[PDB]
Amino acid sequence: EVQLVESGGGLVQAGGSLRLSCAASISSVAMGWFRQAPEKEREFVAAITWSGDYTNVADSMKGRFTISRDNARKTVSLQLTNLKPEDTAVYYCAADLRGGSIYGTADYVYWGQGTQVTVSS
């Protein structure tokens, strides 16, 4: 059992930057971020291996979004830059791929409730 609690969403400005955080309550599992807008499919955003040595940011978001983690604090973080109205969504933290590749599968076991990001034009 793992608990995931997101924080950092809110109402932000187009062109701005925002850092989201997720507090877990482990240092041995992959973690990821996803997002879902109203009446649209949930979308993979980014993943990071247990050690933090490898990351996988979605091709369409590379060079705007980055992902990091802190195993001592049991957190994973998502850095958003140059925000667009199209980035408005609930952003979800996820954890545990049962050892799978962060480049090969997105079938995470544990999921947070999500934090709302709204980008004002």
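Numbers for residues come from their place in the sequence shown, where the first is 1.
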Legend entry - Between neighbours residue 114 and residue 113, residues that the deposited sequence lists but the model omits: none
Inset, instruction - Going by the average Cα B-factor in the PDB entry, point out whether 67-75 or 46-54 comes out higher. - result: 67-75
Inset, instruction - By the entry's C-alpha temperature factors, tell me which of 102, 12, 23, 20 sits highest. - result: 23
Inset, instruction - Consider only the C-alpha atoms of the modelled residues in this chain, order them by B-factor as the entry records it, and name the third containing residue 61: lowest, middle or highest. - result: middle
Inset, instruction - Ordered by C-alpha B-factor within the chain, which third holds residue 27? Give me lowest, middle or highest, please. - result: highest
Inset, instruction - Can you work out whether the C-alpha temperature factor of residue 88 puts it in the lowest, middle or highest third of the chain? - result: middle
Inset, instruction - Can you work out whether the C-alpha temperature factor of residue 117 puts it in the lowest, middle or highest third of the chain? - result: lowest
Inset, instruction - State the tercile, meaning the lowest, middle or highest third, of residue 81 with respect to the CA B-factors recorded for its chain. - result: middle
